[PDB]
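Participant: here is my input; please provide its structure:
(2 chains)
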Amino acid sequence: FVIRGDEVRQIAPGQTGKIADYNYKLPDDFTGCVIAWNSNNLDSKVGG
Amino acid sequence: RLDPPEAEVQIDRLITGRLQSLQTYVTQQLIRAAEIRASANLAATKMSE
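Facilitator: Numbers count the residues shown, from 1 in each chain, chains lettered A, B, ... in the order given. Next comes the structure:
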């Protein structure tokens, strides 16, 4: 998925915030890896 | 007062403390029961003899 750049840290297990609380919650004992990278030039549009 | 992810740490501290208290109490009771058993064996021998 794609989310705000500043909300990436909100995705860690055992976190709080709008994203984690509403649309995508990770379990406290989550096992795995989280990989993120900016996609501004590929997703953001000049017109919005 | 705390969210689960951090409250688990505090609850674990409390669990460790209370478990240690219980273990200490049980060990004391075991030793005291050994003493009382010795005394009761002596009392039974005194009764019989």
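Participant: residues near residue A:14, how many?
Facilitator: By other CB atoms under 10 Å in any protein chain shown, the residues close to residue A:14 number 15. No exception for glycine: its C-beta is placed from N, CA and C like everyone else's.
Participant: nope, residue B:38 is what I was after
Facilitator: 10.
Participant: what helix or strand is it located in?
Facilitator: Take DSSP states H and E as the rule and residue B:38 turns out to sit in helix B:4-48.
Participant: up against chain B, what does chain A have?
Facilitator: Taking CB under 8 Å from any CB of the partner chain, the part of chain A that reaches chain B is made up of A:13-14, A:16, A:28.
Participant: now the residues you listed as a markdown table including secondary structure?
Facilitator: Shown next, in a markdown table, are the residues of chain A next to chain B (DSSP: H, G, I helix; E, B strand; the rest coil):
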| residue | secondary structure |
| --- | --- |
| A:13 | coil |
| A:14 | coil |
| A:16 | coil |
| A:28 | coil |
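Participant: between these, which is nearest chain B?
Facilitator: residue A:14 (3.3 Å; CB to the nearest CB).
Participant: which ones are touching that closest one?
Facilitator: Residue A:14 makes contacts with A:26, A:28, B:3-5, as judged by CB atoms under 8 Å, 6 or more residues apart in numbering or on different chains.
Participant: repeat that with 6 Å
Facilitator: By CB atoms under 6 Å, 6 or more residues apart in numbering or on different chains, the contact list for residue A:14 reads A:28, B:5.
Participant: neighbours around residue 32, how many?
Facilitator: Going with chain A. Around residue A:32 there are 7 other residues, counting by other CB under 10 Å.
Participant: let's do chain B instead
Facilitator: The number of residues near residue B:32, taken as other CB under 10 Å, comes to 10.
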